[PDB]
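Beneath this line is the structure, given in structure tokens, with notes to follow.
Residue numbers (the entry's author numbering): 1 to 32.
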């Protein structure tokens, strides 16, 4: 659902979330 895009965006503001946050599984769910 749109939550996937919300989350991808809310990561890509910083990028970090999706590389450093999602180092191991320490994120949530997302489009990417």
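Heads up, the beta-carbon is just placed ideally off N, CA and C, and yes, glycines get one too.
Our contact map puts residue 31 next to residue 4 with C-beta atoms below 8 Å; I'd like the distance itself, whole angstroms only. To locate residue 31, count along the chain shown from 1; it is residue 31. To locate residue 4, count along the chain shown from 1; it is residue 4. The pair is a contact, with the Cβ atoms about 4 Å apart (cut-off 8 Å).
Would a C-beta distance cut-off of 9 Å place residue 21 and residue 27 closer than the cut-off? Stepping through the chain shown from its first residue, residue 21 is reached at position 21. Stepping through the chain shown from its first residue, residue 27 is reached at position 27. In this structure, residue 27 lies closer than 9 Å to residue 21 by Cβ.
Please return the same chain residues whose Cβ sits closer than 8 Å to the Cβ of residue 24, not counting the five positions on each side in sequence. Counting from one through the chain shown, the residue named residue 24 turns up at place 24. Nothing listed; no residue qualifies.
In whole angstroms, what separates the C-alpha of residue 18 from that of residue 6? As a working mapping, residue 18 is identified with position 18 in the chain shown. As a working mapping, residue 6 is identified with position 6 in the chain shown. The straight-line gap from Cα to Cα measures roughly 13 Å.
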